[PDB]
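Read the structure below first, then the notes.
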Amino acid sequence: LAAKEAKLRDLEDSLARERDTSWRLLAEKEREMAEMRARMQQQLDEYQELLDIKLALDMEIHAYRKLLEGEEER
C-alpha cells in the first residue's frame, strides 16, 4: 500500500478520460453521418428533379420527330 490507492485512483482517472474521448468522438461520427445521410437524400431528389425534366424533353423530341415525319413524307 505504498502507492496502491494512487494507481487505483489514476486508473479511474484515465478510464473517465478514455470514455470521455470515445464519447466526444462517437458523437462526432454520428453528427458526420447524419450530415452525410442529409446530402444523400437531397441528392436522390435533385436527381429525380432532373430525371423528370429529361423525360419531358424526351417526349418533346418525339413530337418534333412526328412533325418532321409527316412533313418530310412525299
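The residue numbers of chain A are those assigned by Swiss-Prot, with the residues present covering 313-386 sequentially.
Recorded method for this deposit: X-ray crystallography, 3.1 Å.
A Cβ is built for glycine as well, from the same backbone N, Cα and C atoms used for every other residue.
According to Swiss-Prot, the features are:
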CROSSLNK  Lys366  SUMO2 cross-link
CROSSLNK  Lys378  SUMO2 cross-link
MOD_RES   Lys316  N6-acetyllysine
MOD_RES   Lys341  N6-acetyllysine
SITE      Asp325  site 'Stutter'
SITE      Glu330  site 'Heptad change of phase'
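Nearest to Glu330 (site 'Heptad change of phase') in space, judged by Cα atoms and limited to the recorded positions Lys316, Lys366, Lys378, is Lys316. Note on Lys341 (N6-acetyllysine): other Cβ atoms within 10 Å of its Cβ, all shown chains, come to 9. Its Cβ taken as reference, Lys366 (SUMO2 cross-link) is surrounded by 9 other Cβ atoms within 10 Å in the chains shown. Cβ-based neighbour count (10 Å, all protein chains) for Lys316 (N6-acetyllysine) stands at 8.
Considering only the recorded positions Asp325, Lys341, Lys366, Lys378, the residue whose Cα is spatially closest to the Cα of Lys316 (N6-acetyllysine) is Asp325. Cβ-based neighbour count (10 Å, all protein chains) for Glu330 (site 'Heptad change of phase') stands at 10. Per Cα geometry, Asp325 is the residue among the recorded positions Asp325, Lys366, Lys378 nearest to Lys341 (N6-acetyllysine). A separation of roughly 62 Å, to the nearest angstrom, links the Cα atoms of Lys366 (SUMO2 cross-link) and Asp325 (site 'Stutter').
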